[PDB]
Each structure stands twice: as structure tokens, then as C-alpha cells.
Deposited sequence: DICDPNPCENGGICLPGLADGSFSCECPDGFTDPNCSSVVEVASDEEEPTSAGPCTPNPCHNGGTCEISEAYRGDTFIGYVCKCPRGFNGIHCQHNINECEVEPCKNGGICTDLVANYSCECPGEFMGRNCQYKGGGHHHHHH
């Protein structure tokens, strides 16, 4: 058995199948067995509910620590955004795309340029 497919410490026999110890269940001994008091015990919703991600990000379960805290998810950001929660509109003016003294304005996944006189072009690249 490739080294352990089974989480929670279930023993694996061969493609592969896992003997689940007392309290665990498929898939790969990752799930829950219960009795009466378990229901009426408060459920936690997932790390993705409610959605932690802003700006249209996609929350995904992952092996993720912020510092020494296991947060168990990451946010997949759309073009133009970043940050742990996708909270940041990326500043596309940081890398100074407007040349020859042009002034950059920031847009979602884009920028535009106002050109000092006699310079022209999308990037002010032309004199």
C-alpha cells in the first residue's frame, strides 16, 4: 500500500481498501460515525461557508495555515484581484506602465493612460 491512503490512522490492505478504526468512515477514514447526542450538538459550517472570499473569488478546501493557525482553505482570485481573501484590487499602476511621464489610472485587471503633450499612444509610448 502506497504509504498511507487512509487518514485518521485506518489500516490499508490492497487497488486499495482501508480498515476504519472505531469512529471513522469512507472516504479513506475521513468521515463521521455518531450516536443520539451527536445530533443536537452544534454543527459548524465549513471554512468556505459563509464564503470568506471577496470580489468573486472561489473558496477551496486546502491544507492551509495562516501563521500557526490551520485555516483549511484558500481563495482563488479572479484576474485583477489578490490577497488572502481577494480583497485587494491589484494596483496595475505600481509597475508604471505609462511611459514618458504619462499618468496611470487603475481599472479592474487593466489601467489607462493620460499622456503629457506630444506623447501619445495607449501607453504614451509615441512622441
Would you flag the ranges of the deposited sequence that the structure leaves without C-alpha positions? 1-2, 17-21, 135-143
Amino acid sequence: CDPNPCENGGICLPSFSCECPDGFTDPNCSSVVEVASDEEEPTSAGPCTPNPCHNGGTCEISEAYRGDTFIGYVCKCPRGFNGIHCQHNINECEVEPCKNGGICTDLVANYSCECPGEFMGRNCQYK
From here on, numbers count along this sequence of modelled residues.
Check the entry's C-alpha temperature factors for 116-124 and 2-10, then say which stretch has the higher mean. 2-10
Regarding 62-70 and 81-89, which shows the higher C-alpha temperature factor on average in the entry? 62-70
Between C75, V32, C98, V95, which carries the biggest CA temperature factor in the record? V32
Can you work out whether the C-alpha temperature factor of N110 puts it in the lowest, middle or highest third of the chain? middle
Sort the modelled residues of this chain by their C-alpha B factor and say whether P52 lands in the lowest, middle or highest third. middle
